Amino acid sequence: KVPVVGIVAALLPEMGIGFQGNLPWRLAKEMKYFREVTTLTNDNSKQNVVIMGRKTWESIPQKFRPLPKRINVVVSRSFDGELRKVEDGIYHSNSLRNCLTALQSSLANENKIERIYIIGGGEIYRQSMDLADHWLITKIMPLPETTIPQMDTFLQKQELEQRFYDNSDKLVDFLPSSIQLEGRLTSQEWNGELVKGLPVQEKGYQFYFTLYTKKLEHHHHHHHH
């Protein structure tokens, strides 16, 4: 009953997200968006959860982790159980799926979690296409004179577009209420695809905050007792 939201910054057209254990760009304004969206809540007495693969945890500078003011969950197959507190602000889980089931228990969470953000791993993102209710995708494009950065990790665009549609018309309303953006909603063509969302430019890059939402589903079966 808590929304599960993938949040990722991806370079078009291949949707590259990483290179050699790190982000392929350093964009302060995109960091800011990610920080604000995952931190802020509409209900002041709730926090969000952020879930991340082990390798992504290890990529965060020691100073900056665990991410302040959000419940941090790190998943590793070598960890001990489905959701276990190991330190202030840090939970360990040995299973993405079971930790999500554990976070959803209103007995455990007291209805004091507002959203669950999946904040990456390429490998984590691969397994979240079936788990996430929405995706917040920052679609990044190199500007004309900008060198395309090398990349070795990618968002699964095929599986995204199978399950989700571009709901970016509703991006503004979706975001926690107290965030202000600099763009207006814009639809732009870029290398033969439609890019729609809230525009920013920084360094050699143009980027759009977008929202994707699960497509409507037919009613095939509902479990009865």
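One rule holds for the numbers: they count along the sequence shown, beginning at 1.
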44-52 versus 182-190 - which carries the larger mean C-alpha B factor in the record: 182-190
Mean Cα B-factor comparison, 5-13 or 20-28, giving the higher one as deposited: 20-28
Options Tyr125, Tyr117, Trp135, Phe79 - largest CA temperature factor per the record: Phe79
Residue with maximal Cα B-factor (values as given in the PDB entry) among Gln150, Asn72, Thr153, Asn109: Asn109
Cα B factor band for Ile140 (lowest, middle or highest third within the chain): lowest
Record-listed C-alpha B factor of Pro61: chain third: highest
Among modelled residues of the same chain, the CA temperature factor third for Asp169: middle
CA B-factor ranking of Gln158, expressed as a third of its chain: middle
Where the record places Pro176 (Cα B-factor, split into thirds across the chain): highest
